[PDB]
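One file, input.cif, is given below (mmCIF, C-alpha atoms and all ligand atoms).
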data_work
loop_
_atom_site.label_atom_id
_atom_site.label_comp_id
_atom_site.auth_asym_id
_atom_site.auth_seq_id
_atom_site.Cartn_x
_atom_site.Cartn_y
_atom_site.Cartn_z
CA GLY A 1 20.23 18.50 -1.09
CA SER A 2 21.80 21.39 -3.06
CA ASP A 3 19.80 21.41 -6.34
CA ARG A 4 20.34 24.32 -8.82
CA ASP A 5 16.57 24.17 -9.61
CA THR A 6 13.67 24.09 -7.13
CA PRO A 7 13.04 20.41 -5.91
CA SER A 8 9.30 21.45 -6.26
CA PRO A 9 6.91 21.28 -3.16
CA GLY A 10 4.69 18.23 -3.89
CA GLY A 11 1.43 19.13 -2.05
CA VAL A 12 -1.05 16.54 -3.48
CA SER A 13 -2.91 13.51 -2.07
CA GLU A 14 -4.18 10.24 -3.62
CA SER A 15 -7.97 9.98 -2.83
CA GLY A 16 -8.23 6.16 -2.33
CA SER A 17 -5.24 6.06 0.08
CA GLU A 18 -6.10 9.58 1.50
CA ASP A 19 -3.67 9.46 4.51
CA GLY A 20 -1.22 7.25 2.52
CA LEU A 21 -2.55 4.08 4.20
CA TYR A 22 -3.45 1.37 1.64
CA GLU A 23 -6.96 0.12 2.44
CA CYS A 24 -7.77 -3.21 0.78
CA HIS A 25 -11.27 -3.06 -0.71
CA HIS A 26 -13.58 -5.92 0.52
CA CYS A 27 -11.64 -5.71 3.89
CA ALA A 28 -11.57 -3.41 6.97
CA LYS A 29 -7.81 -4.11 7.46
CA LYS A 30 -5.47 -1.40 6.00
CA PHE A 31 -1.63 -1.30 5.93
CA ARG A 32 0.63 1.82 5.63
CA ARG A 33 3.45 -0.49 4.40
CA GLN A 34 3.44 -1.86 0.80
CA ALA A 35 5.06 -5.19 1.88
CA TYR A 36 2.30 -5.73 4.52
CA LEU A 37 -0.50 -5.01 1.96
CA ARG A 38 1.07 -7.42 -0.64
CA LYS A 39 1.43 -10.15 2.06
CA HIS A 40 -2.31 -9.58 2.66
CA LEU A 41 -2.88 -9.71 -1.17
CA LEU A 42 -1.19 -13.17 -1.00
CA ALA A 43 -3.62 -13.92 1.90
CA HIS A 44 -6.38 -13.48 -0.81
CA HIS A 45 -4.55 -16.17 -2.87
CA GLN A 46 -6.58 -19.25 -1.78
CA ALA A 47 -4.16 -21.71 -3.46
CA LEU A 48 -1.25 -22.56 -1.06
CA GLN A 49 2.20 -23.14 -2.69
CA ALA A 50 2.99 -26.11 -0.37
CA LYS A 51 -0.50 -27.70 -0.08
ZN ZN B 101 -8.10 -7.86 1.57
#
Can the structure in the file be given as structure tokens, please?
Ligand SMILES: [Zn+2]
Amino acid sequence: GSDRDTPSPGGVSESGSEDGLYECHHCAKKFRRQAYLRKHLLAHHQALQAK
């Protein structure tokens, strides 16, 4: 927090996330945390490890 150059004001937005929430397509449930979305991505994985 003392950069010789301008840190550059990043004023963009990803369209699919919009707000920054990750909405899983084919589901209504969205997660703002990556870990929560990937746990849900594992909830798509029908094959249990300890079945
Ligand atoms: Zn899903």
How close does chain A get to ligand ZN 101 (chain B)? List, as CSV, each residue of chain A within 10 Å, its nearest atom pair and the distance in Å to one decimal, counting all atoms listed in the file.
residue,atom,partner,partner_atom,distance
A:23,CA,B:ZN101,ZN,8.1
A:24,CA,B:ZN101,ZN,4.7
A:25,CA,B:ZN101,ZN,6.2
A:26,CA,B:ZN101,ZN,5.9
A:27,CA,B:ZN101,ZN,4.7
A:28,CA,B:ZN101,ZN,7.8
A:29,CA,B:ZN101,ZN,7.0
A:30,CA,B:ZN101,ZN,8.3
A:37,CA,B:ZN101,ZN,8.1
A:38,CA,B:ZN101,ZN,9.4
A:39,CA,B:ZN101,ZN,9.8
A:40,CA,B:ZN101,ZN,6.1
A:41,CA,B:ZN101,ZN,6.2
A:42,CA,B:ZN101,ZN,9.1
A:43,CA,B:ZN101,ZN,7.5
A:44,CA,B:ZN101,ZN,6.3
Have a look at atom CA of residue 13 of chain A and atom CA of residue 32 of chain A and let me know their distance in Å, one decimal.
->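 Atom-to-atom, atom CA of residue 13 of chain A to atom CA of residue 32 of chain A, that is 14.4 Å.
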Any idea what the distance is between atom CA of residue 34 of chain A and atom CA of residue 12 of chain A?
->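 Straight-line distance from atom CA of residue 34 of chain A to atom CA of residue 12 of chain A works out to 19.4 Å.
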